[PDB]
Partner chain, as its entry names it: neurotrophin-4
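This document opens with one chain alone, in structure tokens, the form deposited without the partner chain.
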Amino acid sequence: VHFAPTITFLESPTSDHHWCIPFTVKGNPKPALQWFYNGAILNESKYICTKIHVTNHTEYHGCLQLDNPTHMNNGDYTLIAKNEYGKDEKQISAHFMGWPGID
């Protein structure tokens, strides 16, 4: 039934770090976006994916989003925007986390 409130758990804060590789693409029809990482196709997943946040008509503003990436995701990312008419390429250097320290 009904009953007074009990706070049965309250703990210290946990965190999450989200990174976004920003871009803008133009095409008509909307261009198919494919990413590559160090020359190899980057298969999108639950930890890394393209999100289009702001839409105009032909102008698409988004990010390749990475959730809690490590120094292992540091590298060169190439975006290829494809269309029925043609395709464009652009690549960018991304650093997310410095390599772990030595001794």
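Shifts are known only where both forms have a C-alpha. Numbering follows the first chain given and starts at 1. Note that the rigid core is defined as the largest set of C-alphas that superpose within 1.5 Å between two forms.
- Stretches compared: 84-92, 16-24. Higher mean C-alpha B-factor in the entry: 84-92.
- Set 28-36 against 64-72 and average the Cα temperature factors; 28-36 ends up higher.
- The top Cα temperature factor in the record, among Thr78, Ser45, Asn56, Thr50, falls on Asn56.
Heads up, the form deposited with the partner chain bound isn't pictured, but that's what we're talking about next.
- In the deposited complex, at least one heavy atom of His17 sits within 4.5 Å of a heavy atom of the partner chain.
- Within 4.5 Å of some heavy atom of the partner chain in the deposited complex lies at least one heavy atom of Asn68.
- Interface membership of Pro22, defined by any non-hydrogen atom within 4.5 Å of the partner chain in the deposited complex, is confirmed.
- Residue contact check for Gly62: one or more of its heavy atoms lie within 4.5 Å of the partner chain in the deposited complex.
- Shown without its partner, the chain has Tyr47, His53, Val54 in segment 35-60 as residues with a non-hydrogen atom within 4.5 angstroms of the partner chain in the deposited complex.
- Taking the rigid core as fixed, one finds a CA shift for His95 smaller than 2 Å between the shown form and the other one.
- Once both forms are overlaid on the rigid core, the distance between the two CA positions of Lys82 between the shown form and the other one is under 2 angstroms.
- Compared with the form shown, the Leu66-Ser15 C-alpha separation decreases in the deposited complex, the change being 3 Å or greater.
- Between the C-alpha atoms of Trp19 and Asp16, a gap narrowed by no less than 3 Å is obtained in the deposited complex, as opposed to the form on display.
- Once the two forms are aligned on their core, only one segment of at least three consecutive shared residues with Cα displacements of 2 Å or more between the shown form and the other one appears, at 4-17.
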